[PDB]
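Scroll down for the structure; my scribbles are underneath it.
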Amino acid sequence: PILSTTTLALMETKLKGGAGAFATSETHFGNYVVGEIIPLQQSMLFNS
Amino acid sequence: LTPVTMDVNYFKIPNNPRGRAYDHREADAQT
Amino acid sequence: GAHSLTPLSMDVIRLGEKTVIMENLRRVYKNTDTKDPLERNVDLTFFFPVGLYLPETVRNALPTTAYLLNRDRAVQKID
Amino acid sequence: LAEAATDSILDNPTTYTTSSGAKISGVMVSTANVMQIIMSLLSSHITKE
Amino acid sequence: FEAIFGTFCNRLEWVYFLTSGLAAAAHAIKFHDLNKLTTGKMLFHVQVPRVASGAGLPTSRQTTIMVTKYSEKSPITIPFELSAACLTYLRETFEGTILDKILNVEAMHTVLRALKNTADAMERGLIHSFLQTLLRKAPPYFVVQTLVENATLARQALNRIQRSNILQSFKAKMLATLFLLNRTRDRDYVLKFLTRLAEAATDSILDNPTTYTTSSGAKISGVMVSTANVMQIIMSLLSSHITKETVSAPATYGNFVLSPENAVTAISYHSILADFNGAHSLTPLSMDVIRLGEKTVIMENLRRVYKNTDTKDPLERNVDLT
Amino acid sequence: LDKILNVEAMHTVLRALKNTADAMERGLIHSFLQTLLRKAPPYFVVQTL
Amino acid sequence: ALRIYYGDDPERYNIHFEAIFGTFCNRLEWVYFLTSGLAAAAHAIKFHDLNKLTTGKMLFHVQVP
């Protein structure tokens, strides 16, 4: 499964945020994110 | 001059100062 | 003839008391239109949901869109 | 990876020897990108015998 | 003696083009006159290797495609002044007295210093023109990266959305490495990015492997130039790879050869008429070589050629970010 | 001129012979690599073995 | 070279160099299989003809300690 996000605020706090945040899946009151199980995204965007 | 109802989500990611990437009848596929 | 040797130059790694020769096949497959068999093309499939519900005075919000990543690293939008 | 394989049946130890007394115990091939990354990542082990 | 002081006139740091580290990207040949050099093109007959690993597929190619590459001329000039009153002291061979000899040897030192000044500023102008011609050939890194990434899916049809995805992909590649060396301070990431620089280029057509060799058996596979600040940071950042070997530059310039095919052109043209009746020597020097993913690139600092001159270095641009 | 066309034909057939005898070796390395790729399992397979 | 490029008779014709360029044909980077690093996983033997080579099997008598 991949990085799925409902609103752009959680998107740009999870992508601007740091490193190793891609495996955390935080659930808000009604908003929710799921992260990728293996680091496939940040292995591509960080290594360029 | 810009509206106050414009989201700060637009300003975090790098985009144009117009708001558009003249026909605005087509929608935006980037945002 | 079967017991004669020659030296050359090669780059050797030492990997846990083992010596393995690294070798690059670029200099044999350069500028030829024969595709190197060492570069395959895997086909991984993903999946992602949109518009779920979370069970249980500002209320919660029910989603209707889903924002994903991109090869060009832009924010996607599926709704 | 290197300890996952097994020995071959007939192998002369006198061929494929380094300048010291270390017999070569295999071979690794790769493309340009991966081998360039490995060459620039583990230069404390990569030497030229 | 009223009062003595000390006066001293320094002689400038000399530099030749072949002894520089930049000459490992050149094939310079001393010709004589360019009036008989007619065209800008020069035909390169180049082979292509074909691997025969298919029993059902014969390649059936002639594999001797010729390429046409056009030249560009660039003159390099310098005004060169000389006082003629000193010149009369030399071209007339004065033999008067010891004071005549002293003014003679002073005029000799004057014209020798002027000759060394003009013959050394000519070489610095030559390195300037070579650097300018090489800067007018290199694309940015994301451009050649998007070229090699989109090599397999090149233009077969008109597709503007494909060009838009191309635009956004090199936009992301550009915003990844706008100022990468300013940004991070870890060695592994800049080593990986420099390796992806070094493997981004292609081979040149004609290159002798026997020239530009290190003390070991590692052929030099390129050259890197930079200014003072960036190269000083890289020297103080990756000292586990920077070492100082003895590279093997050519002894003098190459001398041109004449092909043996105009011989059979000239004999065939005589048949229409009524009746018929150094380049392989080397020298060592000292240069600092990096080892970058089984590639050896020469780092070179252009400070010692552009110091104290009022000619701005073309390697320091001025971008305008908004 | 007969000697010049002679040595030019010699260079032609020598370049053709070197081209075919060197592309044969590259095809040999291609076939050897293909035969070695048709023998290696993935790493987790031999690890679970 | 004087009789060769410029000609036999200097009168009523001359051979005039119109414009010269440079042409160069590279020779490719040679590679042999034994000198490659891949040949450290091989035991290659030059035979002559494979008509008398009947079977695909080859018996290996191997000890076990």
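Read-outs throughout are calculated quantities, based only on the coordinates presented, and are distinct from any laboratory measurement. Backbone-built Cβ (ideal geometry, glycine too); neighbour counts: all protein chains shown.
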For the protein assembly as shown, what number results from the quotient of the Cα radius of gyration and 2.2 N^0.38 Å?
1.30
Cα-derived Rg over Rh, computed across chain A with Rh taken as Kirkwood radius
0.95
Given 10 °C, 1.306 mPa s and a Kirkwood radius over Cα pairs, the Stokes-Einstein diffusion coefficient of chain D in µm²/s is 120
Just checking the output field for F:16-26: average partner chain Cβ neighbours within 10 Å of each residue's Cβ?
6
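With +1 on each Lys and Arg Cβ and -1 on each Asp and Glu Cβ, how big is the dipole of the protein assembly as shown about its Cα centre, in debye rounded to the nearest 20? Working shown, then result.
Numbers: 65 positive and 58 negative charges, 250 e Å.
Dipole size: approximately 1200 debye.
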Above-threshold pairs, the threshold being 19 Å between Cα atoms, out of C:35/E:173; C:18/E:192; E:69/E:137:
C:35/E:173; C:18/E:192
Test of the criteria: in the range E:188-271, which chymotrypsin sites (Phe, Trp or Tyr not before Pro) are in a DSSP loop and have at most 12 other Cβ atoms within 10 angstrom of their Cβ?
E:256
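Report the net charge of residues surrounding residue E:93, where surrounding means a beta-carbon distance below 12 angstrom and charges are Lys +1, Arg +1, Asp -1, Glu -1. Kindly include the intermediate steps, with their values, before the conclusion.
Details: positive: E:91, E:101; negative: E:92, E:95, E:100.
Here the count lands on -1.
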Alpha carbon centroid spacing (whole Å) that separates the range E:17-81 from the range E:215-293
13
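Rounded to a whole number of µm²/s, how large is the Stokes-Einstein D of the range G:25-65 at 10 °C and 1.306 mPa s, given Rh as the Kirkwood radius over C-alpha pairs?
Value of D from the Cα-based Kirkwood radius: 108 µm²/s.
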Given the C-alpha atoms of the range E:116-173, compute the convex hull and give its volume per residue in Å³.
106
Please name which of G:10, G:30, G:60 has its Cα lying farthest along the dipole of chain G towards the positive end, using unit charges on Cβ (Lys, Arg +1; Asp, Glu -1) and the Cα centre as origin.
G:60
What pairs from E:219/E:244; E:171/E:312; D:23/D:48 go past 21 Å between their alpha carbons?
E:171/E:312
Can you work out the FRET efficiency for the pair residue E:149 and residue E:113, with r the C-beta to C-beta distance and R0 = 45 Å, to the nearest 0.05?
0.25
Diagonalise the Cα gyration tensor of chain C and give the resulting equivalent ellipsoid semi-axes, square root of 5 times each eigenvalue, largest first, whole Å.
56, 20, 11
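Given Cβ point charges of +1 (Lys, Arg) and -1 (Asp, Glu) and nothing else, what value in debye, to the nearest 20, does the dipole of the range E:121-276 about its Cα centre take?
1020
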Considering the options E:172, E:299, E:194, tell which one lies farthest towards the positive end of the dipole of chain E, charges being +1 on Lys and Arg and -1 on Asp and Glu at the Cβ, about the Cα centre.
E:172
Sort E:141, E:70, G:6 so that the residue with the fewest other Cβ atoms within 10 Å of its own Cβ comes first and the one with the most comes last.
E:70, G:6, E:141
If you wrap a convex hull around the alpha carbons of the range E:71-177, what volume per residue comes out, as a whole number of Å³?
171
Using +1 at the C-beta of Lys and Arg and -1 at the C-beta of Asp and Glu, which of F:21, F:48, F:5 has the Cα lying farthest in the positive direction of the dipole of chain F?
F:48
Projected area, mean over directions - the range E:175-322, Cα convex hull, nm²:
16.2
Given axes a ≥ b ≥ c from the Cα gyration tensor, I'd like to know whether chain E is rounded (a/c under 1.5), prolate (a/b larger than b/c) or oblate.
oblate
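For each of E:116, C:35, count neighbouring Cβ atoms within 10 Å of the residue's Cβ, then give the residues from fewest to most.
C:35, E:116
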Take the Cβ-Cβ distance between residue E:285 and residue C:46 as r, set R0 to 60 Å, and report the resulting FRET efficiency rounded to the nearest 0.05.
0.60
Order by neighbour count: E:9, E:86, fewest other Cβ atoms within 10 Å first, most last.
E:9, E:86
Could you tell me how far the Cα centroid of the range A:18-48 sits from the Cα centroid of the range C:32-78, in Å?
11
